[PDB]
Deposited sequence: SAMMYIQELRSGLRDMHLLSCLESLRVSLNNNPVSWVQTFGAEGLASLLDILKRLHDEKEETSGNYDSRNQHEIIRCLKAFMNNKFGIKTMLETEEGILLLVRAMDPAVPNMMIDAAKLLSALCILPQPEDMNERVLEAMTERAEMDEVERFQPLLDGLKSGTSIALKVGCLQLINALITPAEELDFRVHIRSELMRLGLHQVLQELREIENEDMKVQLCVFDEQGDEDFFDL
């Protein structure tokens, strides 16, 4: 069962058969105990990450399949083992950051979330540093500024859920940081990119979750300029 998924994920499947099995896998990972998830383990993770990389790296079912993986990832990581095992990967943090394509906003939402939750993790470390480095890594791959995908998601046309998502990741990248000069440096690089013009707009919006992330962004911004 755990083992047949892996076998199937290593079998060269494509398109709807891939989608369908990923969907199946998603429920499996969601409904099953943590022992089944270890059974699926790093070998299972690695095969999801392998297909993900192939989809990221190529260009009808691509977006959906990338998304369904990102969904499978959420489930795998809904326990300690899965969190540890993702963070043990060479490339998995990076393949999440690469899932933040403003053109596919709901997978971006799901990927931004999981990155934000890594950032606020009690153990490991500064996982925010690890996420930034991955964003750096991605920026020169795609030849864009590193915080640009995030500012693209705060654009006026996009869904409130995405807006919330991006601002929430900004907040997860900054809050956990111990250095003031790092924090203000990040804040400042974002404002250079056009964040100040967007906050004006975001601050009009009717949403409680949006109001919450703006409150966090503002209050920490105040206290930092006050400290400095």
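Stretch of the deposited sequence lacking C-alpha coordinates, numbered from 1: 60-64 only.
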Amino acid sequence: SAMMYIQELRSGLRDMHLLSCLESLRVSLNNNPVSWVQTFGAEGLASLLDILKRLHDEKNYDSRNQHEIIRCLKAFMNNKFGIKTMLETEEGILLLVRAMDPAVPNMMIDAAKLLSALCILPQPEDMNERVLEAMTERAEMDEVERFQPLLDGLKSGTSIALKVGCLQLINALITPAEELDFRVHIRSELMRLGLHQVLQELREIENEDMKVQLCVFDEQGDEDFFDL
From here on, numbers count along this sequence of modelled residues.
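Checked against the record, the higher mean CA B factor of 163-171 and 33-41 lies with 33-41. Higher mean CA temperature factor between 63-71 and 172-180: 172-180, per the PDB entry.
The entry lists C-alpha B-factors for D110, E133, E145, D126, and the highest of these is at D126. Per-chain ranking of the deposited C-alpha B factor places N207 in the highest third.
When the CA B factors of the chain's modelled residues are split into thirds, the value for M141 lands in the highest one. Ranked within its chain, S156 lands in the highest third, by CA B factor from the PDB record. Per-chain ranking of the deposited C-alpha B factor places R54 in the highest third. Ranked against the other modelled residues of its chain, the C-alpha B-factor of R192 as given in the entry falls in the highest third.
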